[PDB]
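Student: Data: query_33.cif, mmCIF, C-alpha atoms.
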data_structure
#
loop_
_atom_site.label_atom_id
_atom_site.label_comp_id
_atom_site.auth_asym_id
_atom_site.auth_seq_id
_atom_site.Cartn_x
_atom_site.Cartn_y
_atom_site.Cartn_z
CA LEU A 1 97.37 -57.25 24.74
CA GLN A 2 97.62 -55.84 21.21
CA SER A 3 97.12 -52.18 20.34
CA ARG A 4 96.03 -53.39 16.92
CA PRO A 5 92.54 -54.96 16.67
CA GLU A 6 92.91 -58.47 15.29
CA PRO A 7 90.01 -60.43 13.69
CA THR A 8 91.81 -63.51 14.97
CA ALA A 9 90.27 -63.46 18.42
CA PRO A 10 91.29 -66.14 20.96
CA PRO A 11 88.23 -68.34 21.78
CA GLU A 12 88.54 -67.21 25.40
CA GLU A 13 86.50 -64.10 24.54
CA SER A 14 83.55 -66.24 23.44
CA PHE A 15 83.62 -67.84 26.88
CA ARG A 16 84.43 -64.75 28.95
CA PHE A 17 81.91 -62.59 27.12
CA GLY A 18 79.59 -65.54 26.68
CA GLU A 19 77.67 -64.15 29.62
CA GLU A 20 76.07 -61.46 27.47
CA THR A 21 75.14 -63.84 24.65
CA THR A 22 73.19 -66.05 27.03
CA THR A 23 69.93 -64.27 27.77
CA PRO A 24 67.26 -65.80 30.05
CA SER A 25 64.96 -62.88 29.26
CA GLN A 26 64.25 -63.61 25.59
CA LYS A 27 64.14 -67.34 26.41
CA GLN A 28 60.63 -67.23 24.90
CA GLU A 29 62.52 -67.11 21.59
CA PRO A 30 61.49 -63.98 19.62
CA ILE A 31 62.65 -65.16 16.20
CA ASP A 32 63.36 -68.83 15.44
CA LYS A 33 60.31 -71.05 14.99
CA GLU A 34 57.76 -69.14 12.90
CA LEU A 35 60.45 -67.36 10.90
CA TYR A 36 62.59 -70.50 10.60
CA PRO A 37 62.59 -70.27 6.73
CA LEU A 38 64.05 -66.76 7.05
CA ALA A 39 66.62 -67.88 9.61
CA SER A 40 67.57 -70.81 7.39
CA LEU A 41 68.04 -68.73 4.22
CA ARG A 42 70.40 -66.47 6.19
CA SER A 43 73.08 -69.09 5.59
CA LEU A 44 72.67 -68.37 1.87
CA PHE A 45 73.45 -64.67 2.30
CA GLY A 46 75.79 -64.75 5.28
CA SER A 47 79.22 -66.34 5.34
CA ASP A 48 81.86 -66.10 8.06
CA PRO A 49 85.56 -66.76 7.29
CA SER A 50 86.00 -69.42 9.98
CA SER A 51 82.58 -70.86 9.14
CA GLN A 52 80.80 -72.36 6.11
#
Please, can you express the file's structure as structure tokens?
Tutor:
Amino acid sequence: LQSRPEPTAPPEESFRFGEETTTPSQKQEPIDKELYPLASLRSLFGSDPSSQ
């Protein structure tokens, strides 16, 4: 209900809009296993405020 966009989003949006993030289509898993090393090293380049 704020006209200003806040990075502090209530967790309700992760549940409400969690419908889009769950995809039964790509359930075959496009990128995860074979490119696991690449996925793993992502945590060396990426860093979210409320995360590691």
Student: What is the CA of residue 1 (chain A) to CA of residue 48 (chain A) distance in Å?
Tutor: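 About the pair CA of residue 1 (chain A) and CA of residue 48 (chain A): they are 24.4 Å apart.
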Student: One number please: CA of residue 7 (chain A) to CA of residue 40 (chain A), in Å, one decimal.
Tutor: 25.5 Å
Student: Expressed in Å to a single decimal, how great is the separation between CA of residue 31 (chain A) and CA of residue 43 (chain A)?
Tutor: 15.4 Å
